[PDB]
Amino acid sequence: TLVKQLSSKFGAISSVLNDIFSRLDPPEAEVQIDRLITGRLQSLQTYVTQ
Amino acid sequence: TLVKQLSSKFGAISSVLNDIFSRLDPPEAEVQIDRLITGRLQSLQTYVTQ
Amino acid sequence: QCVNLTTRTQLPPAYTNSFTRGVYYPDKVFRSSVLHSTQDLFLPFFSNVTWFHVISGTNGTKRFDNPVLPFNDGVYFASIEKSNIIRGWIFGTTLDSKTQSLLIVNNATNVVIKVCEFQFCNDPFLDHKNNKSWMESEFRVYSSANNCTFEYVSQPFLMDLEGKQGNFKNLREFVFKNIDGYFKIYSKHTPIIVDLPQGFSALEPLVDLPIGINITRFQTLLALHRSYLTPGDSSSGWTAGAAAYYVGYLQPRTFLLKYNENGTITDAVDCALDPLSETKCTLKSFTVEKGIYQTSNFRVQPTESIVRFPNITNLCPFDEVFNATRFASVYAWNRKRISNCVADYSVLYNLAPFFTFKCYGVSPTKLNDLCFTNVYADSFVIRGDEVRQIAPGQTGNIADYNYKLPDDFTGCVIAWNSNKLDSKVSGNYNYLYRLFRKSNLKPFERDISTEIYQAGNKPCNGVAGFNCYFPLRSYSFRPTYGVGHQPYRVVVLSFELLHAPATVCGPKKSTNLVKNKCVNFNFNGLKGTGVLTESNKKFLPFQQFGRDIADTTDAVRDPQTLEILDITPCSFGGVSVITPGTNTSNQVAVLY
Amino acid sequence: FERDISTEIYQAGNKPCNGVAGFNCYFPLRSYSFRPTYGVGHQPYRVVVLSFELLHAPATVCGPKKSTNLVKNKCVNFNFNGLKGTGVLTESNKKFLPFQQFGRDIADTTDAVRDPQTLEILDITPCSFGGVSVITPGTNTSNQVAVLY
Amino acid sequence: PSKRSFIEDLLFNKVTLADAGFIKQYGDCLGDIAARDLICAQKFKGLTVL
Ligand SMILES: *[C@@H]1O[C@H](CO)[C@@H](O)[C@H](O)[C@H]1NC(C)=O
Ligand SMILES: *[C@@H]1O[C@H](CO)[C@@H](O)[C@H](O)[C@H]1NC(C)=O
Ligand SMILES: *[C@@H]1O[C@H](CO)[C@@H](O)[C@H](O)[C@H]1NC(C)=O
Ligand SMILES: *[C@@H]1O[C@H](CO)[C@@H](O)[C@H](O)[C@H]1NC(C)=O
Ligand SMILES: *[C@@H]1O[C@H](CO)[C@@H](O)[C@H](O)[C@H]1NC(C)=O
Ligand SMILES: *[C@@H]1O[C@H](CO)[C@@H](O)[C@H](O)[C@H]1NC(C)=O
């Protein structure tokens, strides 16, 4: 489940960084990247807790 | 660790409340303040859990 | 018309205690069997009120029984009587006819409310002859008809709906307040009582109207009792009678309302009154078991406020930056330096009506208070349809080939129209731009070159033949054309924050420095709270404000005296309450 | 939202002129200069500002829509004023005070409501939900299962 | 002092590296002298020890 939760949008346009950090303007791309990284960090933390 | 975790920007303009409130109007300062508050709340919850 | 009032009498302001009175329903919703906690305007528990009294009966002196009372944030006008005399509340009025004056005159043929913009008189009193019919023949409250805004009549209001008993029949209670612009009135009627009686009651809301004016103070009114028995002056020649009314001022407080099985309020506890209170609130219950409880923290609040800024008064040269007769080309964007001066951004607003002062990283209004470092100013001329194209991280021709901005750019742009200045009779072509370059240029980088390059291989080396196209292209800038292809003037103001070498900022006046006191401070845009104390730490001559183990500042250098101080929170701690239970005692011990 | 009609002469401040309409007196009231051929920035314009505040008080405008017959004891949708949701809308015995309109519970969900026309109080419960747990005996033996709502 | 034996006296020296801030008064470190050790820096952020 830790591996599987790596391919979810988490409230963004897509689950792939290539389509987010690239071919888009800086501000909203940075916002989406922050959302993705904070979601992945939360998933790692909950796995560690379990 | 809990003390050191207070200087993280959490993807905001600054890590201090007063500077953010002084340099921005409330309409856009709300987002930064919310980001800081939720980041610090998540930082505080894990210490209680451990 | 109106006549002045005389025979003023001064009496001591007798005070009495209000035992848990003045609690109403906060919102028009239904709840039951819930210990809901509210936060609104309430009359504090166990507070003294100004017990006015109608004395000096017959026609001796009659007292000045209707003085002016301040209206700060609310009123708890009560009343105990039998003959139904006290009426006519005048609240929220300046009394100098500055704006609308509010009147509520009732117990007439039917309850009416008079609202007019009249010019107020010098001394008001509402006449009522002791004839068969008690009618207000004389209007001494006002004598002008300048304007009138609102009129209203209500059938059910303030009637003494009861029988005929010798005891005090009614105990009216009122709450007057302004809900951030409009006035709300609550009321209830209390039966006979054999001097506020002990008990608990709740007030049901009533009609509210907007109005909306400045408020200075509250004035009451009494019904006159002029009779032919006594020859008296027109100012005051009426019998006094007997009446009594109370006045209390509302304050913001936090309560814990308890609802019953009918949805009716039956009890409430006032927080921030007793040590056993606020822990009766932390527990969110009306019964507290024995033990030790943690309620809240105690902090010493600051009492003053100081500011300290550099003592320079030179004005920044913002004129020639914006009043320049001729700007330069876009690829030669004329870097400038601004330092060691006082910058006022209010004078910058005077420009062309087409204005686009939009900013990143700082609000456009809060430029004055901050203190910057090495403010820049960059002037050039750009096409009309490219004013939106110059932006942080925006791709395009002008951005990626002529002027590149950093991603984390601080500062902002100023754009104003140049319809007639930069357009000649036949057009202006002095301004150029680089249509083609080897690659994208780095942010804040300038390159000016006109050498022809191998656009399509086979290097020309000055031939400028076929497949070799010139890099510099001019602008047409017709005297009249579309707004998208009309010259614009733009200037960017880039400044570096983090405020280590504060140099310029604006007009903030310093204040005398105070030490050993919990005080605010604004040392060069570094707002905080603490105590300033002389420091024995040795700063090197180049050392500015210091830091601690965390990222919070611990020392700061005086911008004027050049001395090093210390900052520290003035006080804080915890409070615990020792209680032996609720069914056995109501006294507690507090552990700081 | 404060308006004043103070036409009295305003004192400038330091070195007052006592409001005698002499030197060092500032008159706040001034007139607009409008011309048929003038700048667009100074061209006259009519501005109207309208405000509203949604509250728990009875609504007043509620413009052109359709009113349908009331139904009870069925999990249906409702659009009371602006309050939307889903429930059975049975009868209620809660004694609303004359100034009360909306009900509410611990989770801040309107349990009761007063209809604008018939003037009666109705309860709200989001009908029925929940049910799981198909029961299977193993897939080599049979493909027959039972369900336990 | 106290009624500790010899073995206990040996034991309360090897492992008692830090007795922590078992409620130290504000006047102990109010910015005077160098000070500003780990205990006093943490107290100003709300973290206390009972
Ligand atoms: C209320 O407090 C005491 C209590 O009797 C009284 O003497 C005092 O005059 C009243 N007003 C103020 C401001 O304390
Ligand atoms: C609630 O209303 C019912 C309705 O008859 C009444 O009988 C009861 O006395 C009320 N509750 C209280 C506490 O008075
Ligand atoms: C003005 O600033 C200079 C620069 O340090 C300082 O030496 C001087 O004392 C200041 N003057 C006053 C009156 O504070
Ligand atoms: C620039 O010129 C205009 C018009 O001549 C003038 O109003 C303004 O004060 C000057 N300076 C600045 C900074 O705009
Ligand atoms: C008060 O309540 C406590 C807790 O239930 C109980 O033990 C005690 O006897 C009570 N006091 C009385 C009944 O006087
Ligand atoms: C609303 O209009 C129709 C007829 O006038 C009907 O539904 C009902 O009687 C009306 N309601 C009220 C409160 O008059």
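Residues numbered from 1 in each chain as written, not as in the entry; some residues may be left out. Chains lettered and ligands numbered in written order. Part of a larger assembly, values for the part shown. Heavy atoms only, no water.

Structure determination for this PDB entry was carried out by cryo-EM, with a resolution of 3.29 Å recorded in the header.

As named in the PDB entry, chain D is Surface glycoprotein, taken from Severe acute respiratory syndrome coronavirus 2.

For chain A, the PDB entry supplies the name Surface glycoprotein and the organism Severe acute respiratory syndrome coronavirus 2.

K.L.:
A description of the overall build of chain D should follow, citing residues and the corresponding values.
P.N.:
Along the backbone of chain D there are zero helices and seven strands. Here the C-alpha radius of gyration of chain D, 33 Å, is well above what a compact globule of 149 residues would show, namely 15 Å. Taking the principal axes of its C-alpha atoms as reference, chain D extends roughly 110 × 45 × 40 Å. Looking at chain D as a whole, 15% of its 149 residues qualify as buried. Considering only residue pairs separated by 6 or more positions, chain D has 27% of its internal contacts joining residues 24 or more positions apart. Averaging the positions of the 14 positive and the 11 negative side-chain charges in chain D gives two centres separated by 10 Å. (Helix = DSSP H or I, 4+ residues; strand = E, 2+ residues; numbered from the N terminus. Rg over C-alpha atoms; globule rule 2.2 N^0.38 Å. Buried < 20%, exposed > 50% of the residue type's maximum accessible area, 1.4 Å probe, protein only. Contact = heavy atoms within 4.5 Å. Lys, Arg positive; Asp, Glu negative; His and termini not counted. Charge placed at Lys NZ, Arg CZ, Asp CG, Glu CD.)

K.L.:
So what's going on with the interface of chain C and chain D? Residues and values would help.
P.N.:
In this assembly, 16 residues from chain C lie in contact with 17 residues from chain D. Each partner contributes to the roughly 1600 Å² buried at the junction of chain C and chain D, and carbon and sulfur atoms together form 61% of this total. If you sort the residues of chain C by the area they bury against chain D, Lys28(C), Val29(C) and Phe30(C) come out on top, with a joint share of 44%. Between chain C and chain D we count zero salt bridges in total. Linking chain C to chain D there are five residue pairs in polar contact. Within the side of chain C that touches chain D, the residues separate by chemical class into six nonpolar, five polar and five charged. Bridging between strand 3 (residues 29-30) of chain C and strand 3 (residues 102-103) of chain D involves two bridges; their strand directions are parallel. Bridged to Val29(C) within strand 3 of chain D is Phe102(D). (Buried area = accessible area lost by both parts, 1.4 Å probe. Salt bridge = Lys/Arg side-chain N within 4 Å of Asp/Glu carboxyl O. Polar contact = N/O pair within 3.5 Å; in protein donor to acceptor, adjacent residues only side chain to side chain. Nonpolar A, V, L, I, M, F, W, Y, C, P; charged D, E, K, R; others polar. Pairing = 2+ DSSP bridges.)

K.L.:
Which residues make up the side chain of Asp270(C), and what are the values?
P.N.:
All names here are of chain C. The residue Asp270 is located in strand 19 (residues 265-270) in this model. Side-chain polar atoms of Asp270 contact the side chain of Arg253, separated by 2.7 Å. For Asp270, the residues in contact, after removing those within four places along its chain, are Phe45, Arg253, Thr254, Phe255 and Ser277.

K.L.:
Could you give an account of a nonpolar patch on the surface, with specific residues and numbers?
P.N.:
Residues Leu2(A), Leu41(A), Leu44(A), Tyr47(A) and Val48(A) make up a contiguous nonpolar surface patch of about 500 Å² in total accessible area. Tracing the backbone through its elements, the reader meets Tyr47(A) in helix 2 (residues 26-49). (Patch = residues over 30% accessible without salt bridge, like charges linked within 9 Å, V, L, I, M, F, W, Y side chains within 5 Å. Areas by Shrake-Rupley, 256 points an atom, 1.4 Å probe, with all protein chains shown as cover.)

K.L.:
Explain the sheet that holds strand 15 (residues 202-205) of chain C to me, using residue names and the numbers behind them.
P.N.:
Remark on secondary structure: sheet strands pair via backbone hydrogen bonds, oriented parallel or antiparallel. All names here are of chain C. Strand order across the open sheet formed by seven strands is 2-15-14-13-8-17-6, with mixed pairing between neighbours. Edge positions in the sheet fall to strand 2 (23-24) and strand 6 (52-53), since each of these pairs with one other strand and no more. Judged from the three bridges that link them, strand 8 (residues 78-81) and strand 17 (residues 244-246) form a sheet pairing that is antiparallel. If you follow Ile80 over to strand 17, its bridge partner there is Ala244.

K.L.:
Quick one: what's the story with the packing of aromatic side chains, residue by residue and with numbers?
P.N.:
Residues and elements named next belong to chain C. Per the stated rule, a full pass over the model turns up 46 aromatic pairs over all chains. Summarising the aromatic geometry, the rings of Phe174 and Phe176 are spaced 5.8 Å apart at their centres and angled 50° between planes, so their arrangement reads as tilted. According to the relative accessible area criterion, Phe176 is buried, its value standing at 2%. For the pair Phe318 and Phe322, a centre-to-centre distance of 6.2 Å together with 20° between the ring planes defines the contact as stacked. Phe322 carries the same exposure label as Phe318, and that label is buried. Feature note: the residues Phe52, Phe71, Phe77, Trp89, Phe91, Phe174, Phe176, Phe183, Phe218 and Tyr245 constitute an aromatic cluster, connected by ring pairs. Sitting over the face of the ring of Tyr186, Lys184 holds its NZ or CZ atom 5.9 Å from the ring centroid. Over the ring of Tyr376 we find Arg335, and its NZ or CZ is 4.1 Å from the ring centre. (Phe/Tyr/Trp six-rings, centres within 6.5 Å; stacked < 30°, edge-to-face > 60°. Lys NZ or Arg CZ within 6 Å of the ring centre and 35° of its normal.)

K.L.:
Pulling in residues and values, what's your account of the site of ligand 4?
P.N.:
Residues and elements named next belong to chain C. What surrounds ligand 4 is the set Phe318, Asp319, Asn323 and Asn350. Here a nitrogen atom of ligand 4 and a side-chain polar atom of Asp319 are 3.5 Å apart. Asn323 is positioned such that a nitrogen or oxygen atom in its side chain is 2.3 Å from an oxygen atom of ligand 4. Starting from 360 Å² of accessible surface for ligand 4 in isolation, the protein chains cover 44%. (Near = heavy atom within 4 Å.)

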